[PDB]
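In order, the protein sequences belong to chains N and a.
Numbering follows the authors' numbering, with no gaps: position 38 of the first sequence is 38.
What the second sequence shows, in the authors' numbering, is residues 1 to 86, 99 to 435, in sequence order.
No residue lacks a Cβ here, since even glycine has one placed at the ideal position from N, Cα and C.
Data first, discussion second: the structure below is written as structure tokens.
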Amino acid sequence: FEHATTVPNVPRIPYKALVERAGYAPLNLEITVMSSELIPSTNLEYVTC
Amino acid sequence: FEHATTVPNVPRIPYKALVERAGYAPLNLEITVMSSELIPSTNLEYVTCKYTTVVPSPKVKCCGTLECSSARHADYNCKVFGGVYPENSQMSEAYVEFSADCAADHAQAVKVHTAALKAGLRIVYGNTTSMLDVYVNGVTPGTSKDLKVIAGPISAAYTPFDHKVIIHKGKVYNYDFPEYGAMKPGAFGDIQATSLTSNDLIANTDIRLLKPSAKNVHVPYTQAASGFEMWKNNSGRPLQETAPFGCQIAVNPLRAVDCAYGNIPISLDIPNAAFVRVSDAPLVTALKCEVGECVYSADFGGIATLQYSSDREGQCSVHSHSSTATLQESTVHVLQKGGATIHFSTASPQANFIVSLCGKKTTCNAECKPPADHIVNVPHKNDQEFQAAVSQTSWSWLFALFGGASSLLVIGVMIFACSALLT
């Protein structure tokens, strides 16, 4: 079943939601973002001593 | 006792219905239209194949000449070519016949007239579950162990077939074959015979004998191609893949199976032994309808509960009367205080219907929600009704706007009357 929400990007703060299909009881949805590294794209020009 | 309803002609869809009379409970009746083919009346004219042109060894004199007569075969030529192989003579004679094997590969050109209407109905009432079938017309009785059923004729006729038809190995094509005896060469139907083993073959092939001119004996000819082979190149796609109502086609007797079109009126003489009385019928008062989801049009997308207060404990006969919705399972074993559930199945945004729990009526009223699932394997179970597929708030807007467009005209003509009376 397809469902779309918006997590806020603050680590280890849980987000609550309901998913329901018409013909079913609703159910819980706790989504957390527990780590977020972001990696830039790098290259090296020179090396100094 | 006999009762009539109608069932939409969609396969294996049960119909819940009440049949009631005095002194008895309104009793349940479930009628499902099972796998229901239709069979048209056929008559083959001819059977076609490839050909092998029999060209036998020739007849040659040297001093005298020859004169050639007719015989009984297919497309002839016979000819009497003159001074050849140096006043010598020759008799070049050639005909066709069926191929080496037409028990396997042979078409059948068939004309198709009107069609019968067999059915498959499963009928459950009370505790009686019966398997039967009925020729759909208003006269033939459909007889289970004690009952009789007549299925009234269809509201609108239909045929997947056409007037003329070709049966190959297994497939069925709509194509206009030439008539028996009117054969055109290089097209379908060059050889013709009334069975696989009957005589009186019939053939045009544009066979043309030619004058031999060589050192050794040969009989030369030229000929149009096998017009059955120039249909197998260019036959389109059969009726299993182009038919208008999803009907498959089987040919041992050429039947068309599992259509979905129209609706069948139906009538059932209920046997007298299956009539539960109003004493045994658990009468229930204080009916309270509590409507849950009602997400419409799919299969059973509506939940309703009933808070009630009974007289007895036993299996009722639950029913909805308005054709905007039908319920399911049709029997509820009641208790002194119960909350049993139904399954509404409407195809309109207005759950606006009347539940008779054991004949005692009450109303379910709620709005409905469109589903979020575009495409479902399972067919529909209701129809659409104008003055029922328009939502109630839209009725309020239309009525208010029409009243706002009419009442001031009423005020104007009353101003005419008032101005005429006062002066």
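Distance cutoff 8 Å, beta carbons only. Does residue i sit that close to anything in chain a?
i     : result
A22/N : yes
Please tell me whether residue i has its Cβ less than 8 Å away from any Cβ of chain N.
i      : result
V303/a : no
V307/a : yes
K393/a : no
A384/a : yes
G313/a : yes
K50/a  : no
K183/a : no
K372/a : no
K176/a : no
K381/a : yes
Determine the direct distance from the alpha carbon of residue j to that of residue i, and round the result to whole angstroms.
i            : j      : result
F257/a       : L251/a : 11 Å
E37/a        : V19/N  : 44 Å
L280/a       : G313/a : 30 Å
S329/a       : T32/a  : 18 Å
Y15/a        : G182/a : 35 Å
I276/a       : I166/a : 5 Å
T141/a       : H345/a : 19 Å
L221/a       : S70/a  : 16 Å
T317/a       : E341/a : 14 Å
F110/a       : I203/a : 8 Å
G239/a       : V390/a : 45 Å
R249/a       : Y187/a : 11 Å
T374/a       : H355/a : 16 Å
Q348/a       : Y320/a : 8 Å
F365/a       : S403/a : 15 Å
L213/a       : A127/a : 31 Å
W243/a       : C49/a  : 11 Å
residue 94/a : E397/a : Here chain a breaks off after 86 and picks up again at 99, leaving residue 94/a without coordinates.
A293/a       : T405/a : 40 Å
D158/a       : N284/a : 9 Å
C114/a       : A205/a : 12 Å
Short of 8 Å in beta carbon distance, which residues of its chain neighbour residue i, apart from the five on each side in sequence? Order them along the chain.
i      : result
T53/a  : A106, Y107, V108, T217, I219, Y233 and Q235
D270/a : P11, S35, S36, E37, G258, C259 and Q260
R21/N  : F1
When we look at the beta-carbon of residue i and count the other beta-carbons within 10 Å, is it buried (16 or more) or exposed?
i      : result
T338/a : buried
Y46/N  : exposed
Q399/a : exposed
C376/a : buried
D323/a : exposed
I282/a : buried
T336/a : buried
Give me, in chain order, the residues of the same chain whose beta-carbon lies closer than 7 Å to that of residue i; leave out the 5 immediate sequence neighbours on both sides.
i      : result
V263/a : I179, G182 and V184
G23/a  : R289 and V290
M143/a : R134
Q327/a : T343, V344 and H345
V7/N   : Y15, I31 and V33
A378/a : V303, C306 and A363
In its own chain, which residues sit with a C-beta less than 6 Å from the C-beta of residue i, not counting the 5 before and 5 after it?
i            : result
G371/a       : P26
residue 93/a : Missing from the coordinates is residue 93/a; the shown part of chain a jumps over it, going from 86 to 99.
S41/a        : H125
Quiz item: At what residue ranges does the segment 311 to 358 of chain a contain a whole run of the alpha helix (DSSP H), taking only runs of 4 or more?
Solution: Runs of the alpha helix (DSSP H) lying entirely within the segment 311 to 358 of chain a, each at least 4 residues long, are absent.
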